[PDB]
Visitor: 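Below are the structure tokens for one structure; questions will follow.
Excluded from the calculations below are hydrogen atoms, water molecules and symmetry mates; all remaining heavy atoms, backbone and side chain alike, are included. To find a chain, count down the sequence lines: A is the first, B the second, and so on, and within it residues start at 1.
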2 protein chains.
Amino acid sequence: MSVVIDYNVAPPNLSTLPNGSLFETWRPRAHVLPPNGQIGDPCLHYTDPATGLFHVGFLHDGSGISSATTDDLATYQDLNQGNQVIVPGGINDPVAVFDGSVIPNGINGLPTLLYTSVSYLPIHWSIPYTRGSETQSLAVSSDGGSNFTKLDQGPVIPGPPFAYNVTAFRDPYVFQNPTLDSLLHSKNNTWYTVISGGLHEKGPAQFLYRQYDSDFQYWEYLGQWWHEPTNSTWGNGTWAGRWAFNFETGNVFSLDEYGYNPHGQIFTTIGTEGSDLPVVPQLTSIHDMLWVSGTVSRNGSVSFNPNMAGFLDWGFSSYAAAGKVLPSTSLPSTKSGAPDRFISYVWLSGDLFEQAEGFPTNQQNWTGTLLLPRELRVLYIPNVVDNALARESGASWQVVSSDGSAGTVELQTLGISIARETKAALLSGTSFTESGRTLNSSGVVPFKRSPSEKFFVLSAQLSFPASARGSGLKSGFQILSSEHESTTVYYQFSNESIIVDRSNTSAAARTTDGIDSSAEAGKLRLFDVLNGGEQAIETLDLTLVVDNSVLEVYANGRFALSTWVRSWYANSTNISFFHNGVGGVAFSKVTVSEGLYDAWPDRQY
Amino acid sequence: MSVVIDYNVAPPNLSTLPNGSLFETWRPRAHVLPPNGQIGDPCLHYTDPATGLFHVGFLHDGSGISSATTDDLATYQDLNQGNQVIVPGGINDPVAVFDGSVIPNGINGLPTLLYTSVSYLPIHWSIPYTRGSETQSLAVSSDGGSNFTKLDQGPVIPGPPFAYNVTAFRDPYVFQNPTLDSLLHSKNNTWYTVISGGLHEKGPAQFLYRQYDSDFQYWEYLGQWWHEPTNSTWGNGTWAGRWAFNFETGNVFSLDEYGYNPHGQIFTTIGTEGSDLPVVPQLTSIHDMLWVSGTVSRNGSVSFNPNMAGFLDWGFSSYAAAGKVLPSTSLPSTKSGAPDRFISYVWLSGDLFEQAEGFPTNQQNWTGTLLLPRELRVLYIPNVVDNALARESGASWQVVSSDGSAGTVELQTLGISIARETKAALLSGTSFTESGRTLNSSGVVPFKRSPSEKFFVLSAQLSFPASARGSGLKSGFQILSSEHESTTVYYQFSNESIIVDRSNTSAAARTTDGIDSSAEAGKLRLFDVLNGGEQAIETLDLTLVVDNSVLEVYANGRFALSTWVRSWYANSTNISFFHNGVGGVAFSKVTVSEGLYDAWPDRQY
Ligand code: NA
Ligand code: NA
């Protein structure tokens, strides 16, 4: 008949259950992930100029790249029923297909994939590099993006520059930029490529190239346009992790206040591969998902000079972001009236980058997800008090103007928000509000009403008095609660962090190996701000999106922290105010929207 | 019982006979060829420093490189019973293994093969080049040369210099040269590599490299050290074919009067791929086997500047020569007392470079041979009369001194002779002489005694009177004669050529397709010479080596012409003087040595 799962009854050791029995247990409904099995790095994204459809791509089951389309940037349709559009086993890629990116209007006016073709394993920053392990090859889709046919020829970039002893040499990211065109005297709308990795005994780098011929055959090397010393860090390591031992999945793009602008300020997103000392062979212990702002100058060779940096996502398991220009002329953007955007999908690895030993993978029969598509833009924070907090250097913001009369500064940083159409679809459920209140004593205060399922958005504002600064205050919410489980998400002034406490999240973590219960944390500074001539600590504008086991925490349009919340019991759906009693907190009216939506309307599961 | 072959009975259409039935018919006994099947370009040759054994290599059955050893430079022992020491089907060479050469004392003190690893076909100078079709990869033999194990990594030279549109890029030839070391400030005893091919719309070239690291990993590009315009020629095309559309099998070495000398004059041997106009797609119609002398200068980049050139072998089917330094310390050289030598094996394609349609290949069950090993050295011709003949430029010799009193010059050219130990073994049979004579009338004069088998050396000197110059004289020998067949080899003053007339050579050519009967020819100038104060036309010192169907014609230590003489009848063994009646000829005493020897004493067939 069936193997019977009752989520009011206690869990077994989940690894004893049949294959596939936990497929729906923790599965999101509003996120990009394959029909089943494993998802790796997103890549390959492109707007098809002929249709306006936006194509998303991702590594799938360690065997190539799968893809789906969206006409609204909310919901998706599988290509090939989820089967890969390109697989390993060719002449150039006999061992593996690694990440690539797409020139949308390329060879023969077709989407043209430049990707890392792998011929030798293992490959890791910590071990000697095997010559020719990573080349860059071309493929073209003549069938609307369902199949990328490999060009019947060798790699267009057969290895790194002469005698370079690389740590890695992969993840080519194609992009256009008129600032680079001007500085390098390139032909207008030249395609550039960055390749990510580093050099042994020197440190991480992006290797920069430009197309030499219109046919994309030859790629002129323009130097290590950005490189950093081995395991160096932005500032003192507080705000933007470390540059660490190797760069991965380098994206390059340019922004203004509204979205993507070719003439805008230049940003990159990168994964950095970190380690404790001594290094453990073939182990990356820290996967930092960073963004970096910088100016580009020339001095013979072009250079990217960082002026601020932060995390695109503070999640331990968050990594490998791939983003793409989405033009205003796209099908989604035409419906929503958006300007040109840069949409980034962050990867949330399902198994601690394959370190989560004993996780019930055969039972779940899927692993990983992408996070919600995110709009990136230049965010301005006005009316900030010109004090030490605002002026700290080596941080994730910079002063772009000042008012000596008012005593204020305008700050600039990277804006991170849920893509507009996806956010609206997330809120299309049924909405209720919980009354605002102030808390001064220690405890958890149940909401009058909680969602009855584990699919909701929670928004609220938290205001703190001057005395919260530098104190032992902890305030936020307790979610996914019942007598056996709870998860707590809170702001903490002592280290200016948002924390997700997962020690009690999962009753399955007590019976089963490989179900991480570590705390997750990210830094967020709330500055001193001036409005109506009154100086206050900035309001914490918190959004929580819970999609079964996927938690995404957003704050103030500039912060994201995402993780796995693998609660077992059907009843673990209650929400409470939380405050540790140190000082006071005022919670606004809290909005809860329940149900989210189905991001995969043409799948049944 | 057996399929019965009687060589006194007329031949059938040979393509109707059983497979293997003609294995012995035309098979040489004193030449390098595999136990059966096809032989292609020789390559891979090396002296093993540990044993003193000389290793020879060759393409075999279109599927990699086979090898044998010699301890005497006369006789050979198969490695692996003739099975290839390296085969295609690796990561770098999934389609084919092309030519390579060996650094004898390389990685780990082991013979280290650098070779062309092929990933895409077709490849031809006349068609567009597929990117990455030819890379250069490393293999090492740790077992005494029976197996060259591919290094488990990508090619060490993944393609040609950036954006070069090559016609070909293959046949790497490793060599050392202190003249290059001095000119380029290279470390002493640096290994150089030439790679042969050309550039589309520019012409043929050798691409020059030097090792960058002691591990042979990286190869620094030093430019097209020698290149020529498309289908240009030395002089007016008389003496050294054409530079043509592509260079193949470039060897580089340096000589003195005795043999190989690192500080000597620099020479190269090359195949050139020719065509009539218009070009026929994928067809090379002319395969010229050239040698070239030149000086090396620097002008920022190093340059090889030809000062004379000729043919290493004038045979239509002669090509692809591979030679190697053989030191005085080798086993063969220690026995024979030779100094350092450069030994070259020329290939004699068995089937007109796969154009001989209908040849009975399945019946023969082998195809091709290498020619006899040849010593190359600087040859001086003294006491030549200083006239137009001696002074002609764009030819195969140059004036290196002059005596105004005597009216003479010393000439310099490339010396080509049978390697000493092989020549002695060829003459180890039973020897007889035929009396000298003068002929003035037209006809063929039978020898009093002829060899009774088709395995012999014939040596003779032909002296011509002053009036032979510019005349219609034709004199030489008729060989392999009976009532049904004959072959005529003669000198002709009208175009200063040695000719092999094959119109009557083979009774099988009348019954069977693909048995070429075209004439073979090569240029040979006999200069005016002064001895005892008498001016004469130089003596023609002729050697003919007939090894069943393999004919090699040598003259004056500076001329070689080789071809197939596929006589059928057991009785086609008679030899006659030949003279066309135009003027007179004096033949010296003619020596005939019969039997040759077995170059493969440990094979039965
Ligand atoms: Na991370
Ligand atoms: Na030839």
Side-chain angles (χ1 to χ4, degrees), chain A residues 88-96 107 114 116-123 127-140 150-166 169-170 199-200 207 209-223, chain B residues 88-96 107 114 116-123 127-140 150-166 169-170 199-200 207 209-223:
Chain A
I91 297 287
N92 303 341
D93 52 8
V95 170
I107 298 171
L114 181 62
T116 299
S117 41
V118 176
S119 300
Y120 296 95
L121 285 176
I123 302 161
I127 60 172
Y129 194 83
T130 300
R131 182 81 178 280
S133 57
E134 302 168 311
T135 59
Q136 328 301 325
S137 292
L138 293 177
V140 172
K150 298 164 189 183
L151 295 196
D152 196 14
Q153 61 154 78
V156 298
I157 303 173
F162 180 73
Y164 279 26
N165 182 13
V166 295
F169 191 71
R170 54 169 177 275
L199 293 173
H200 284 275
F207 305 96
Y209 297 78
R210 68 177 170 188
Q211 72 175 302
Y212 186 74
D213 61 300
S214 51
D215 324 79
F216 308 110
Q217 191 61 44
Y218 297 107
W219 293 84
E220 180 178 15
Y221 181 52
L222 299 171
Chain B
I91 297 287
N92 303 341
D93 52 8
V95 170
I107 298 171
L114 181 62
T116 299
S117 41
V118 176
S119 300
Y120 296 95
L121 285 176
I123 302 161
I127 60 172
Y129 194 83
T130 300
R131 182 81 178 280
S133 57
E134 302 168 311
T135 59
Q136 328 301 325
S137 292
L138 293 177
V140 172
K150 298 164 189 183
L151 295 196
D152 196 14
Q153 61 154 78
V156 298
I157 303 173
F162 180 73
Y164 279 26
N165 182 13
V166 295
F169 191 71
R170 54 169 177 275
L199 293 173
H200 284 275
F207 305 96
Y209 297 78
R210 68 177 170 188
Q211 72 175 302
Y212 186 74
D213 61 300
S214 51
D215 324 79
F216 308 110
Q217 191 61 44
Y218 297 107
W219 293 84
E220 180 178 15
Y221 181 52
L222 299 171

Visitor: In terms of heavy-atom pairs under 4.5 Å with chain B, which of A:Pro158, A:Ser119, A:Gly154 leads?
Guide: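 Between A:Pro158, A:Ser119, A:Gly154, the count favours A:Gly154.
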Visitor: Are the side chains of B:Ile107 and B:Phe216 in touch, meaning some heavy atoms are under 4.5 Å apart?
Guide: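 B:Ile107 vs B:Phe216: side chains touch.
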Visitor: Within a radius of less than 6.0 Å around OH of B:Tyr120, do more than 12 heavy atoms belonging to other residues, nucleotides or ligands occur?
Guide: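 It does: B:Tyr120 OH has more than 12 such atoms within range.
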Visitor: Give the member of A:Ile91, A:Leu151, A:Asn92 that has the highest number of heavy-atom pairs under 4.5 Å with chain B.
Guide: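 When all of A:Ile91, A:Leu151, A:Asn92 are compared, A:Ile91 has the most.
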Visitor: Checking A:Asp152 against chain B: side chain, backbone, both or neither under 4.5 Å from a heavy atom?
Guide: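 Interface part for A:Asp152: both.
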Visitor: Could you work out, with side-chain contact (heavy atoms from CB on, under 4.5 Å) as the rule, every residue matching B:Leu199, not counting sequence neighbours?
Guide: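 By the side-chain contact (heavy atoms from CB on, under 4.5 Å) rule, B:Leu199 matches B:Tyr164, B:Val166, B:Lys202, B:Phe207, B:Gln224.
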Visitor: Relative to the ring of A:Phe162, is the ring of B:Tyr218 parallel (under 30°), tilted (30 to 60°) or perpendicular (over 60°)?
Guide: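 Judged by the thresholds at 30° and 60°, the geometry between B:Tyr218 and A:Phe162 is perpendicular.
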Visitor: At what distance, to the nearest 0.5 angstrom, does CH2 of A:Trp219 lie from CZ of A:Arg210?
Guide: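 Rounded to the nearest 0.5 Å, the CH2-CZ separation comes out at 11.5 Å.
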Visitor: Mind checking what makes ring-ring contact (aromatic ring centres under 6.0 Å, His included) contact with A:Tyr129, not counting sequence neighbours?
Guide: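 Once residues adjacent in sequence are excluded, A:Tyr129 has no partner under the ring-ring contact (aromatic ring centres under 6.0 Å, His included) criterion.
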Visitor: Whether the side chain of B:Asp93 engages the backbone of B:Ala96 through a donor-acceptor N/O pair (distance < 3.5 Å, no angle test) should be reported.
Guide: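 No.
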Visitor: Are there residues of residues 130-139 of chain B whose heavy atoms fall under 4.5 Å of chain A's heavy atoms? If so, which?
Guide: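 The residues closer than 4.5 Å to chain A, in numerical order, are B:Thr130, B:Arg131, B:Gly132.
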Visitor: Report which part of A:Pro94 has an atom under 4.5 Å of a heavy atom belonging to chain B: side chain, backbone, both, or neither.
Guide: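 For A:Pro94, the contact with chain B is made by the side chain alone.
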Visitor: Apply side-chain contact (heavy atoms from CB on, under 4.5 Å) to B:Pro122 and list each qualifying residue two or more places apart in sequence or on a separate chain.
Guide: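 B:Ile127, B:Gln282.
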